[PDB]
């Protein structure tokens, strides 16, 4: 039985990824940053559905907590076959001097965090393993106030491509999944139906994509059908 670590699996896309990987037969480490309640709910949903999982706290941007995370994750089953990095933040801030704090925070959490996870994955994933990062489709649109977020995720994609090359000879694929707007609980919670309808109309399929539809592409990349997909950023956005 193969083991998968999923960062940011307490809610939303990360939770959907963790639950789908558990359904696919992976033992899932549900990594979370702060309050364990949602993470333990993820673990319990996995166990009730017939899978195995356990939760580990770690801030992905804290090098010491990441060192511990990977040791503790390896302690469970002695192996780390798949690593999926979904944890990140998306604050809004225009490219102005006053936004410098927000910028630093996003870079710290999304990009440095990604580096940490990827770096440790590169050291611990076995031959034949898989490393998957979550990027974003909004990189293609360059919307105002998304500067810091887009910068962080573009950096992540760059790291993904380089790492795919650096792991030559280990038969380890490195890819990214870049979702568009996704119908998480948080997404719906902050929006009126009119706002939802406008976002739905942005895609030619004219609806809101679900977290499970993102997790399905992650599951492809983690499984046998993803054996020959390497150094790719797959945008999952309904055509938007």
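Residue numbers count along the first chain shown, from 1.
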* **Residue range whose averaged C-alpha B-factor is higher in the record, 26-34 or 172-180** => 26-34
* To do: Using only the Cα atoms and their B-factors as the entry lists them, report which of 182-190 and 39-47 averages higher.
  => 39-47
* Asked: Out of 158, 113, 128, 148, which residue has the highest Cα temperature factor in the PDB record?
  -> 128
* **Per the PDB entry, maximal CA B factor within 196, 202, 61, 214** => 61
* Asked: How does residue 135 rank on Cα B-factor within its chain, lowest, middle or highest third?
  -> lowest
* **Ranked against its chain, the third holding the CA B-factor of residue 109** => middle
* Asked: What third of its chain, lowest, middle or highest, does the C-alpha temperature factor of residue 76 fall into?
  -> highest
* To do: State the tercile, meaning the lowest, middle or highest third, of residue 167 with respect to the CA B-factors recorded for its chain.
  => highest
* Structure fact -> On the chain's distribution of Cα B-factors, residue 83 falls within the third called lowest
